[PDB]
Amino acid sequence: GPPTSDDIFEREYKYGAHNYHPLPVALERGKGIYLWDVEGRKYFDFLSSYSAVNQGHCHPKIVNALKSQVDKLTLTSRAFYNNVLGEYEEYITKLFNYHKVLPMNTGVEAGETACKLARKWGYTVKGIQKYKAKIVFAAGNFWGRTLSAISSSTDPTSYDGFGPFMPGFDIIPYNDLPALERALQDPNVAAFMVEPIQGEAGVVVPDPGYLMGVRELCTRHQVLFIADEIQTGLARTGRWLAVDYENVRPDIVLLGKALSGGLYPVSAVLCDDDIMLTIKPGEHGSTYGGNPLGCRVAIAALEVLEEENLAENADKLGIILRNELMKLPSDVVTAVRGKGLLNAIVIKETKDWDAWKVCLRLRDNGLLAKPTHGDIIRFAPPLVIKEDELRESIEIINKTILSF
């Protein structure tokens, strides 16, 4: 007989690393906004694989692209050309209006690529002496699990026990233009990297004008503005890029997640020639980066986001969702924040009542969500959700919260 949910749990515990403690639910199927476990139970997905399935689970067009390409050609490596990569590159660089794209697989690789680009540009264009180039980050940032990524982190669970740490990474508070100015007084600073909204920190939305400030502060000090839109980009927040809300053009744009609809690890780094061309042949790459299969999947995913106008959907439905969430009692839900379909609530955590328990009961009532720490619950359903479905999921969130 097929394994039960408990069987799945014990098997992963026995033969898999304990680097996660996931919400006890064992899914075997997913489609659109919905997930199904081995017992056949139906659930709303309100995490969307950290925006990777903005298009919903197993969106037919992207599945068709994957299936059509998998029979033809999947991996030539970059020692030779394949026929798809140039097509994808032209499409995506004209969609976001940058000169060039460097393809990688995972989001952390896009971040690493951005850091290498920043340092090369600093040494070779800005004249920073080797090796004194600094990159500034914002506290609460998350951009991966490599040693470099955790070296920028202020979250002890990311970095504790994994040092020594990468030099040249300065940290300043988020949503703090004066701190950024002070930091950008150092001429050896090559770049400032920042999330338009801090996802894993708990959907931290900075104040209006922060992004435009950052653009101005980077421009005035000859510092590269790196926007990590891996979670916030691709329709999730109600625009194609979150930075669009303030009409800001970063120097480097990081893409991932929804770039494939969950079908293939594809990330992208976008920038103009004066930054991209600092890296010469043989100095950077990846085995699977830019393989034809991922490129087909990515073209399809981006087409889906454009054709179904998922950005406008996310904007309208996020308005509705936050409105309904504000009606929860302030004595139990202390805050609701977000943009588009990236939202979170903060609950008045107690010794006995926390966000984990809330997510357990939400699961019990057919809605899957992720708690950050003990007091933050993310609400981020796929952008294909309908209003009638969004309501009903809201009705589950209510009832669950007011059950405690």
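Heads up, when I say rigid core I mean the largest set of C-alphas that superpose within 1.5 Å between the two forms. In this text, residue numbers run from 1 along the sequence as written.
Two stretches, 159-167 and 265-273, are weighed by how far their CA atoms sit from the shown form in 8 other deposited structures of this protein after rigid core superposition; the farther one is 159-167.
In summary, of the stretches 367-375 and 61-69, 367-375 shows the greater Cα distance from the shown form in 8 other deposited structures of this protein, with structures fitted on the rigid core. When the C-alpha B-factors of 162-170 and 322-330 are averaged, 322-330 comes out higher.
For the set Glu312, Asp155, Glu112, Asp228, the PDB entry assigns the largest Cα B-factor to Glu312. The PDB entry assigns the greatest CA B-factor among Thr219, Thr74, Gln198, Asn188 to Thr74. Among all modelled residues in this chain, the alpha-carbon of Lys42 has a temperature factor (C-alpha) in the highest third.
Split the chain's modelled residues into thirds by C-alpha temperature factor. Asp388 is in the highest one.
In the deposited entry, the Cα temperature factor of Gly202 sits in the top third of values across the chain's modelled residues.
Looking at the C-alpha B-factors along this chain, the one for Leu341 belongs to the lowest third.
Ranked against the other modelled residues of its chain, the C-alpha B-factor of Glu283 as given in the entry falls in the lowest third.
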